[PDB]
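Asks: Quick check, what structure comes out for this input:
(chains A, B and C)
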Amino acid sequence: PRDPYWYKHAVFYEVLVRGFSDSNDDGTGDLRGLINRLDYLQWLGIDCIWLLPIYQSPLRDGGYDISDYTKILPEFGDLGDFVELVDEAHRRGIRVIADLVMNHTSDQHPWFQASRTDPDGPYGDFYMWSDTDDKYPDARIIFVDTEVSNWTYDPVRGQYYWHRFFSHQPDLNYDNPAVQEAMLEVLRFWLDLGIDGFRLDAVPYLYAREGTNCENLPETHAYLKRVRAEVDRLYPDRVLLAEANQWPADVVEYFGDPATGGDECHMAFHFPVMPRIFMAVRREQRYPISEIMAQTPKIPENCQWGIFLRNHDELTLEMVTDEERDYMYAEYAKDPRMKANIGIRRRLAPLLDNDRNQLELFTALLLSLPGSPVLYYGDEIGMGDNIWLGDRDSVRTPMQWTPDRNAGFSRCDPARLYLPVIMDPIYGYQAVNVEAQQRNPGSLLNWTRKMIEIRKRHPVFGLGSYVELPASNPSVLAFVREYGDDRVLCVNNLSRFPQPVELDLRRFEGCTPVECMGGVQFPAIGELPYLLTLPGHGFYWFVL
Amino acid sequence: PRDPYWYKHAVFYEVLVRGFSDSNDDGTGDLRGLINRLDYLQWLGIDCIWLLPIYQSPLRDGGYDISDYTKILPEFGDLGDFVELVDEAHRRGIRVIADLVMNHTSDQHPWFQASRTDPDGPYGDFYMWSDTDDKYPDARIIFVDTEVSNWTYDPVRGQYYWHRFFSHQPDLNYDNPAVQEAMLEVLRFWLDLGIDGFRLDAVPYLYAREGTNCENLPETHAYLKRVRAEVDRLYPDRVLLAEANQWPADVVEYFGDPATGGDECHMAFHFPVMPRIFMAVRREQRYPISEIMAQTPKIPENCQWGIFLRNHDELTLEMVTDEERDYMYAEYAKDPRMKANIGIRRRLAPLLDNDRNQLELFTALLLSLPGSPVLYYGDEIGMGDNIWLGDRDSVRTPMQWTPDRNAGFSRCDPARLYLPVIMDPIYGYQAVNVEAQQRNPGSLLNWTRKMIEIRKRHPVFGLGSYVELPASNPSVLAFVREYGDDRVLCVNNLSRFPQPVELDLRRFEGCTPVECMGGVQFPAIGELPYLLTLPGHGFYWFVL
Amino acid sequence: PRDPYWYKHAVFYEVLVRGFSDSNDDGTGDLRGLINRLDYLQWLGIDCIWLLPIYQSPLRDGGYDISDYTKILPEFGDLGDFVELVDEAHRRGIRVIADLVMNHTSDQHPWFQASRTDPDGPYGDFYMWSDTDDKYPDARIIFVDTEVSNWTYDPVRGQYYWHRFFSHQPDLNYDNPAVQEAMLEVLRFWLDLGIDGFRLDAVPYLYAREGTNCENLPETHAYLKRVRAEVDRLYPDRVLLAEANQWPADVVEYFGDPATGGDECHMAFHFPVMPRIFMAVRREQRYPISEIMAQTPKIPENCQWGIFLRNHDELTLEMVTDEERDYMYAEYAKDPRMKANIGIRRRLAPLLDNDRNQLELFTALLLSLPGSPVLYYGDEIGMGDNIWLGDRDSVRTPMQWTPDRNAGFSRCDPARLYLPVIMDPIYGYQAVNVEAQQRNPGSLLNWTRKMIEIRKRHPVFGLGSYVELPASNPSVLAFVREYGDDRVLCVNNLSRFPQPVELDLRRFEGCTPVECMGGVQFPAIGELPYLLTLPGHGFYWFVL
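Replies: Residues are numbered from 1 along each chain as shown, chains lettered A, B, ... in the order given. The relevant structure is shown in the block below.
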């Protein structure tokens, strides 16, 4: 056994516990419900469940405002349930990781409250305090629309505290060794229960120094290396993912020193992928995808980029872009499609006007580009979303299972539902739900499952090289993935029209391509250009 | 001006006036409404409107039971409306034809009523009467499940009359010359109003002779040759279409003498086309389509096969087949989906379980095979059925125009609709309507429009020859259509998996194929087999 | 403890087995489903289940065309299921009766097929045959729009047979003693299995005589008296109901000789009740009910009228009327709602524009008038119709149980349902279903349940006398029912406005009226007129 770098050949499934399955029938989904649905996740073929935060919380910012790192919110069950989840998932070959906010806690966290009645106390300097609001002035305000702050004054203490997020999410003093030790305790808590890892949230903002930007500080990276060391020590085969809402170049540093193969975070996310793909389809040219592929620095051997088909990170409803390193920076807002969903999280089918061909194109690229892919619950059946509530952050509607009441999510009265089931004439459950999808062999779900299965039989997709093929046609993106004798050819049409692509496949002369979906043998590769024909927004996968 | 064989390059649009548009707002569609929608039909691109029966009728058999040939059922408007319709159609480059039942009339038709009241008077021999039921004993009973004999006894006259159809649809004695002129009289009436032709319904059964089974009799054919002669004489550019629920070999005689180029019916329908495509897609092999293309006899130069995507005839809800000449006779039966539709008219998308890819495949074929195609109203946006309405009607539901009340068909109270609008979660109007389709550029409606338009620009599709290209892959049907410098290549994949097809296009060496949908110029044809790649159920059109 | 006249205090529940519950999940309801739902029928409080025809049948006429009297349509289960239905119902205090067509059978019945093949055999004179078309000329044709004769000629036999219904329902020759004995055999077969009785269908037409109209003939009544004698001899406590779509004066003979207390049919239906209540509500005056109450002859002591809230009997879709004896004959016609549902079965709530107050008024009267009431399945929660499924079948939609898929009727795929579930925005299952109804204490269902239980605690409703109270207010119908110390006062407002009624109750001077719904004691009855106040379409029940 033993698999230290399993995340390199993993497909992750991000799930909102509150919204996946309700067993108690109280209108809120729970760990037991998720446990009851493990059989589906196995059928789908995913390798790791990624839990959105379930920690105790006032729920004032999506539950990313944590009040107790070691207590599970009563709505979702108890720690006994969680242990059973990790165990039954493992028995099914499925791992479990979770979001965990490292930078800040809610103001309703006991440490906060105990950092203000007595500054003398052991918790007294757990947060960042200053008599003036002038310190750290070159740090931008993240929530510029709501916070005039980054220092706000607390009366019961009689001083200002620091927060890069909302005023009810005070930052933690990471210069304080007791904080470095308490937080590291928290990680151990969950690792002891058997969790396979975390996504460390908001780690760019851990340390602040006068004179700097107060993100990505070398003191910060030092702390994470500390975290990798301890975890590697006490627990085998665990994973640390970084959420860094930054250009993938400032992000490459969260992987640590490349000489060791990686001694910091295992994964971080490559946020510009979806916006650049979006861009490619609109202009019908491969270059926006080509550029980031080429302008991304190399990362340590044992690290991985995470990719998902969304335009915003979730702790900050922002698109990750950069005025000086993103050549498409100004172009995104000149798509009135793109500019209407700015601050809003949208599910994949809505982002693509429910175009099946485009859904396949985007998901095909997601599963084949160099990295480890994340599916968001509901996308595999074409679920929609529901702005209006909350929102900017919902897309947290109940998973749509059957055409029965409440889509089969709960047997409760609809009035008791935490969020309503979508009843829309296009994405509503009477038309879009997992059971209908499963029974129809031509559905998006069955297609996705087949694709996930093709990818599992080919470790090259997570482990292999990426070399893009020159091609006379700007509308087609063709590349090859090779992981020692396991080689695939991936061809993608960004145009809405049928397109020829002529490939110089002379490196593979003599090979007989086998198409992945159907197992059919194509003519052998000779030395003259090979003609592939794709329909609008089509793609093919070939084994060589 | 000057165009006698216009129907050869025409695309027809079959419409139920009752169900297309309601202007009076009484719940029933009318000629006034159709006129109002002529701008749409022009936009869509069709060449000829084919009207379902609008004559005065007891409506006991779909309006195919005519009680007066010269009156429009008041429900639909008046003869002024009909004349304004034809004129406004012609202004737009649209012609108009109608179904007309030649064989029999309603029993409620005044000719019958007079042939029961006055056996000796002028109508006494308009129908076939006899003292016995012992006659023409070799004629099968068509509606064998409802009708015990082809003779039925009338209490008022005291004799049996003949009916090959229902008891309330007595046959006309075509041995009586007064009947032949009365019917020609009927034809002229409508031709004088400007109608561009008819589909003569149920003509295989015009004459009966002892010793014969009473179908396709030479006396029938002579009468039809007679009909064209007078029509050609008195009216320019008219068309006679024959509805013959018969095997395409028995049908070919309705075209007349090949020496004349055609002196009988201009068009007849090739009924087995759809079942063969259906079976071919199911078996994923070209053979069922190839076979009819090759085993169908040549027809006169100025005649053409009519094709449409349905499995049944509309007057006799029967699939056209033949035990001695149909390679597939017993095989339609082994197909669970085929067998489930008794003798039920279904619309295309229900017939294909709403598979967008197959809808395109089948329609590409309808539009590219040798003949003149018929579209059924609603298919162009993917309308469904309502089988629970039965007697066809399944398929005679209201056109779904907008997402407003009654799909935009009428502003009436739903309780007064002649038939209800489909509200189904899959084909229901809140999801499927012309307005949603038009605003979505990727919609089926817009696709159908592009298709009809490229077809219009290439008269080869209606006038040209058919040459099937040999290919090692049995799953793909590839053919060429050529009409003197107008040559197109059509390639169709019957497999649900991607398939390569290698074509020998050396007859076209040097040509740079141009794909019709996007106008992209493909690589030049060399001496080697040309490789086209198709996705599951895909197709391409190339100009040469 | 025998209870020979149990039907006098019974409330019947009419159920379409096909449409009540689906256990097999094949889209068709079955006896097993009905057995499974017996606990609900007990909960509601009904005393007898009445089954619509369940016999083997080609179903060309609602199953009233019987092809085997001793076989159950496989679609519904087998005789084993039936035996279990009778047993499980009886266990719960519920009896079971069924429709049985006495007069005619399907032409697909083995007796017929052997009566036309072999005139010499044992079945040769089972049907009414003739060499001529002229016999029995004074009988109207019932289905006059469809049928030209009451005689139809059979080609295999070479003679005419007799049929008062559709031509595929040939009449049985009851002059033949073997037919008279075959039908009693049919009757005993079911009685042996434990059925508690029958509604004998179409018995007015059993015998035909030259000289008459062939209804209501003494030979017919004699036979029914003969049938009753045999049933009473061999089986205890059974009931025979006659469906005679006739004026209540012509119907009374079916109760037999009054001297014996009743020696023919136990029950027959009073068809004008509902049309008269309907008119009474429309004109807002008591008189139309007063009149049929006055023109209804007294019936033998052990006989009972059957009442239900419908305007048509179900075998013919005709309203009972009589131009010379029904003073309202022409008034039904000037009545626009009435005239639009002329040959259509409608459920109670549609018939009353879904007015809950009127649903209560009509149901209150149904339960208080002299007779034994029949509830139709679905009316108790306010189900609607679907007239587009053909004016019989309009009212045969699946029972709506839960808000889950297919209203909880079946777990099948919707395409497989025998008829669709109503999805209308007023009566659709998402708004109207038993589960929603039972959970709401203010619902029509819970009301109906209470009402039935109140009726059960007072046998006077079925056994007592009926005396109408004179009152100056024409809008109120007030009556008293007395059965030896069980005395109730019923007051009903036919106006849509509040109304006073002043009653002379001196017969009950000293009594403290107790209202049934709530058990509140009203002021004692004095020598002065007693004042009751009712809301629009209101009613009260008082115990004295």
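Asks: what about residue A:480, distance to residue B:523?
Replies: Counting by CB to CB, to the nearest Å, the gap from residue A:480 to residue B:523 is 21 Å. Placement of C-beta: from N, CA and C, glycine included.
Asks: mind listing what the residue in chain A that chain C sits nearest to touches?
Replies: In chain A, the residue that lies nearest chain C is residue A:404 (4.1 Å; CB to the nearest CB). Residues in contact with residue A:404 (CB atoms under 8 Å, 6 or more residues apart in numbering or on different chains) are C:404-405.
Asks: Next, give phi and psi for it.
Replies: In terms of degrees, to the nearest 10, the main-chain angles of residue A:404 are phi -80, psi -170.
Asks: okay, now residue A:46: neighbour count?
Replies: Counted with other CB atoms under 10 Å in any protein chain shown, the neighbours of residue A:46 add up to 24.
Asks: surely it meets residue A:12?
Replies: Yes: here residue A:46 reaches residue A:12: they are 6.8 Å apart, a contact under CB atoms under 8 Å.
Asks: which residues do these two both contact?
Replies: Common neighbours of residue A:46 and residue A:12 (CB under 8 Å, 6+ apart) are residue A:375.
Asks: coming back round to it: residue A:480 and residue B:523 - which one has more neighbours?
Replies: Counted by other CB under 10 Å, residue A:480 and residue B:523 do not tie: residue A:480 has more neighbours, with 22 against 14.
Asks: Report whether that one is found in a strand, as I expect.
Replies: Yes: per DSSP: H, G, I helix; E, B strand; the rest coil, residue A:480 lies within a strand segment.
Asks: For it, give me its contacts.
Replies: Per CB under 8 Å, 6+ apart, neighbours of residue A:480: A:465-467, A:469, A:487-490, A:544.
Asks: can I get those residues in a markdown table with secondary structure, distance to chain C and neighbour count?
Replies: Below are the contacts of residue A:480 laid out as a markdown table (DSSP: H, G, I helix; E, B strand; the rest coil; distance: CB to the nearest CB, whole Å; neighbours: other CB atoms under 10 Å in any protein chain shown):
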| residue | secondary structure | distance to chain C | neighbour count |
| --- | --- | --- | --- |
| A:465 | coil | 48 | 13 |
| A:466 | coil | 45 | 15 |
| A:467 | strand | 48 | 10 |
| A:469 | coil | 46 | 18 |
| A:487 | strand | 44 | 19 |
| A:488 | strand | 38 | 23 |
| A:489 | strand | 40 | 24 |
| A:490 | strand | 37 | 22 |
| A:544 | coil | 42 | 19 |
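Asks: so can I have CSV of those showing distance to residue A:210?
Replies: Shown next, in CSV, are the contacts of residue A:480 (distance: CB to CB, whole Å):
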residue, distance to residue A:210
A:465, 44
A:466, 42
A:467, 46
A:469, 50
A:487, 53
A:488, 51
A:489, 53
A:490, 49
A:544, 56
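Asks: Show me which pair in those is furthest apart.
Replies: Pairwise distances across the contacts of residue A:480 peak at 14.8 Å for A:466 and A:544 (criterion: CB to CB).
Asks: Going by residue numbers, what spans are strands in the stretch 51-200 of chain A?
Replies: Assigned by DSSP state E, counting those that start in this stretch, the strands in the stretch 51-200 of chain A fall at A:55-56, A:68-72, A:95-101, A:129-130, A:151-154, A:159-162, A:197-201.
Asks: can you list the domains in chain A?
Replies: Split into domains by curated CATH domains, chain A comes to A:1-103+A:174-463, A:104-173, A:464-544.
Asks: for those domains, which one sits closest to residue B:161?
Replies: Nearest to residue B:161, of the domains of chain A and by CB to CB, is domain A:1-103+A:174-463 at 51.1 Å.
Asks: next one: that closest one to chain centre, how far?
Replies: Between the centre of domain A:1-103+A:174-463 and the centre of its chain there are 3 Å (CA atoms, centre = their mean, to the nearest Å).
Asks: Can you report how many residues neighbour residue A:437?
Replies: 21.
Asks: With residue A:24 instead?
Replies: 14.
Asks: cool, the one 10 residues further on as well?
Replies: Residue crowding around residue A:34 was assessed by other CB under 10 Å; the count is 27.
Asks: Surely it and residue A:85 touch.
Replies: Yes: under the criterion of CB under 8 Å, residue A:34 makes contact with residue A:85 at 6.3 Å.
Asks: what does the stretch 151-300 of chain A have sitting close to chain B?
Replies: For the stretch 151-300 of chain A, the contact set with chain B under CB under 8 Å from any CB of the partner chain is empty.
Asks: can you give me the helices in the stretch 151-300 of chain A?
Replies: Listed in chain order, the helices of the stretch 151-300 of chain A (DSSP state H, counting those that start in this stretch) span A:177-193, A:218-234, A:273-283, A:287-295.
Asks: Just the CA atoms of the second one, as CSV, please.
Replies: Read it as helix A:218-234. Provided in CSV are the C-alpha atoms of helix A:218-234 (Å, rounded to 0.1, in the frame of the first residue of the first chain):
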residue,chain,number,x,y,z
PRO,A,218,8.1,35.1,3.5
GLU,A,219,7.2,34.7,7.1
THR,A,220,3.9,33.2,5.9
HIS,A,221,5.6,30.6,3.7
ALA,A,222,7.8,29.8,6.6
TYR,A,223,4.8,28.9,8.7
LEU,A,224,3.3,26.6,6.1
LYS,A,225,6.6,24.7,5.8
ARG,A,226,6.3,24.2,9.5
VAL,A,227,2.8,22.8,9.0
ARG,A,228,3.9,20.4,6.2
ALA,A,229,6.7,19.1,8.4
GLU,A,230,4.5,18.2,11.4
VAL,A,231,1.7,16.6,9.3
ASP,A,232,4.1,14.5,7.3
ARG,A,233,5.6,13.5,10.7
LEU,A,234,2.5,12.3,12.5
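Asks: Dump the strands of the stretch 51-200 of chain A into JSON lines; add mean neighbour count as well.
Replies: Formatted as JSON lines, those follow (neighbours: other CB atoms under 10 Å in any protein chain shown):
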{"stretch": "strand A:55-56", "mean neighbour count": "22"}
{"stretch": "strand A:68-72", "mean neighbour count": "16"}
{"stretch": "strand A:95-101", "mean neighbour count": "23"}
{"stretch": "strand A:129-130", "mean neighbour count": "16"}
{"stretch": "strand A:151-154", "mean neighbour count": "16"}
{"stretch": "strand A:159-162", "mean neighbour count": "21"}
{"stretch": "strand A:197-201", "mean neighbour count": "25"}
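Asks: So which bits of the stretch 301-450 of chain A are right by chain C?
Replies: Checking the stretch 301-450 of chain A against chain C by CB under 8 Å from any CB, the hits are A:402-405.
Asks: surely residue A:40 meets residue A:434?
Replies: Yes: assessed by CB under 8 Å, residue A:40 is found in contact with residue A:434 at 7.4 Å.
Asks: Assign a three-state SS to the residue lying closest to residue A:18 once chain neighbours are set aside, would you?
Replies: Distance criterion CB to CB, 6 or more residues apart in numbering or on different chains; nearest residue to residue A:18, sequence neighbours excluded, is residue A:29 at 5.0 Å. Following three-state DSSP, the label given to residue A:29 is coil.
Asks: what about residue A:29, neighbour count?
Replies: Using other CB under 10 Å: residue A:29 sits among 28 other residues.
Asks: Likewise for residue A:4?
Replies: 13.
Asks: Was I right to think it contacts residue A:237?
Replies: Yes: the criterion here is CB under 8 Å, and residue A:4 meets it with residue A:237 at 5.6 Å.
Asks: so where does residue A:318 fall, helix or strand?
Replies: Using DSSP states H and E, residue A:318 falls within no helix or strand.
Asks: List the contacts of residue A:287.
Replies: A:280, A:474.
Asks: My read is that residue A:223 contacts residue A:180, right?
Replies: Yes: the pair residue A:223 / residue A:180 is scored as a contact, 6.6 Å apart, by CB under 8 Å.
Asks: Identify the contacts common to those two.
Replies: With CB under 8 Å, 6+ apart, residue A:223 and residue A:180 have common neighbours residue A:174.
Asks: Name the nearest residue to the closest residue to chain B within the stretch 201-350 of chain A, ignoring sequence neighbours.
Replies: Relative to chain B, the nearest point of the stretch 201-350 of chain A is residue A:284 (10.2 Å; CB to the nearest CB). Distances taken as CB to CB, 6+ apart put residue A:495 closest to residue A:284, at 4.5 Å, once the chain neighbours are dropped.
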